[PDB]
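Student: Residue numbers (PDB author numbering): 8 to 304, 311 to 346, 354 to 379.
The structure is given below, and queries will be raised subsequently.
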Ligand SMILES: NC(=O)c1ccc[n+]([C@@H]2O[C@H](CO)[C@@H](O)[C@H]2O)c1
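The following block contains the structure:
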């Protein structure tokens with residue numbers, strides 16, 4: 008009984024890559040004028056949304072979540088694959104459309120209104136109203152501002168962040184990850200970089216884990232490393248998904264960093280046993296900028318020594334995963357300080373404005 012109730016039904020179309028407040032204002036007006044609204048997400052393989060990593064199936068799921076607390080609003084999918092390109096696609100297209108209306112509606116003798124943004128769709132739809140006992144009307148709505156907003160969001164999400172629907176925000180987020188040995192100032196750097204622009208940041212999970220479970224670096228076993236992989240990943244996703252996210256988040260280490268420690272300190276067998284979880288987790292990471300603190304002259314007591322060992326292995330692995338074009342090495346102390361170098365790198369890779377201190 009997950010069908011739309013009522014007699015006056017509005018049909019609202021979009022690709023929704025992403026959904027934004029322009030859509031939402033129109034939808035809620037439409038829902039105030041009708042007994043219920045059917046949102047139609049249209050798409051096809053390798054369409055505009057698919058090309059930026061938002062294929063039809065994902066936009067449909069995101070919309071369902073976005074409208075998960077609405078009485079009279081249903082979300083449905085119009086799959087446009089395998090259509091004859093010319094005229095005979097219009098018949099089949101409409102068939103699928105009216106099938107969607109039939110399946111997702113409770114009652115009969117409806118009064119249905121299509122909200123349509125292109126003159127071609129209106130004319131083709133008006134010729135193909137079926138004799139199903141419903142009354143149909145097509146209403147032209149101006150979509151120019153909505154389409155332009157969508158285009159501007161895709162070009163520069165950080166400039167239009169507050170208008171992006173929250174379910175879509177993770178996809179468009181910029182992500183800066185800091186990497187380095189223990190006791191090199193990562194945590195101080197992360198917090199200063201993030202606080203400089205009101206961005207959220209994560210903490211190094213390994214430090215929390217060793218305090219909560221009260222164990223030293225040299226007591227870590229294979230299973231601790233596994234828990235640090237998922238623990239750091241969850242902490243990082245939490246910040247990317249945080250409502251405090253304004254478009255840029257800072258991460259204090261990641262699975263690659265943990266993979267460097269594992270490679271250096273675990274027995275070969277135990278490392279090889281963690282490799283699938285490493286690969287899975289590293290594959291789920293999205294990084295735009297990787298800041299590496301190189302070795303120059311609560312404490313991780315064993316992780317302190319052999320900094321150059323850690324750094325060489327880290328650089329090997331960043332090459333192994335093809336990340337070198339996102340890596341900036343903070344070899345200062354040219355810029356005044358490590359912090360000057362990093363905040364400038366943040367500027368170049370995210371677009372955010374940074375104030376000067378001096379003339
Ligand atoms: N670097 C990260 O840990 C990171 C960055 C962006 C997103 N995520 C998570 O992965 C998923 C997307 O693949 C999202 O659900 C994020 O939580 C993790």
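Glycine included, every Cβ here is placed at the ideal spot set by N, Cα and C.
For residue 39, name the three-state secondary structure that DSSP assigns.
Tutor: In the structure shown, residue 39 sits in a helix (DSSP, three-state: H, G or I).
Student: DSSP state of residue 151, grouped into three classes?
Tutor: helix
Student: Anything with a beta carbon under 7 Å from a heavy atom of ligand 1 counts; list them all in chain order.
Tutor: 177, 180, 182, 184, 240, 243, 244, 247, 248, 258, 261, 291, 292, 293 and 294
Student: Are the beta-carbon atoms of residue 23 and residue 122 separated by less than 8 Å?
Tutor: no
Student: Does DSSP put residue 373 in a helix, in a strand, or in coil?
Tutor: coil
Student: In the DSSP assignment, the alpha helix (DSSP H) including residue 69 goes from what residue to what residue?
Tutor: 63-73
Student: Among 67, 45, 37 and 38, which one has its Cα closest to the Cα of residue 51?
Tutor: 67
Student: Run through DSSP, which three-state label would residue 241 get?
Tutor: Shown here, residue 241 sits in a helix according to DSSP, grouped into three states.
Student: Who are the near neighbours of residue 139 in its chain, counting only those whose CB is closer than 8 Å to its CB and skipping five residues on each side?
Tutor: 105 and 109
Student: Is it right to say residue 211 is buried, meaning 16 or more other beta carbons lie within 10 angstroms of its own, or is it exposed?
Tutor: buried
Student: Looking at the structure shown, is residue 27 part of a helix, part of a strand, or coil, going by DSSP?
Tutor: strand
Student: Look at the Cβ atom of residue 365, then the Cβ atom of residue 296, and state whether they are nearer than 8 Å.
Tutor: yes
Student: Which residues in the same chain as residue 128 place their Cβ atom closer than 6 Å to its Cβ, once the five residues preceding and following it in sequence are excluded?
Tutor: none
Student: Comparing the CB of residue 208 with every heavy atom of ligand 3, is any distance shorter than 7 Å?
Tutor: Ligands present in the displayed structure are limited to ligand 1, and ligand 3 is not among them.
Student: Check the DSSP bridge columns for residue 82 and list the partner residues they point to.
Tutor: In the DSSP output, where bridge partners are listed per residue, residue 82 has 46.
Student: Does the stretch 224-236 touch the stretch 178-186, meaning 3 or more C-beta pairs lie closer than 8 Å?
Tutor: Using a Cβ-Cβ distance cut-off of 8 Å, the stretch 178-186 and the stretch 224-236 are not in contact, since fewer than three pairs of beta carbons, one from each stretch, lie closer than that value.
Student: May I ask you to report which of helix, strand or coil DSSP gives residue 355?
Tutor: DSSP places residue 355 in coil when its eight states are reduced to three.
Student: In chain order, what residues of the same chain have a beta carbon less than 6 Å from the beta carbon of residue 101, not counting five sequence neighbours either side?
Tutor: Closer than 6 Å at the Cβ level, and outside the excluded window around residue 101, lie 135.
Student: How would you write the range of the alpha helix (DSSP H) that residue 328 sits in, first residue to last?
Tutor: 320-333
Student: Identify whether residue 379 lies in helix, strand or coil by the three-state DSSP scheme.
Tutor: coil
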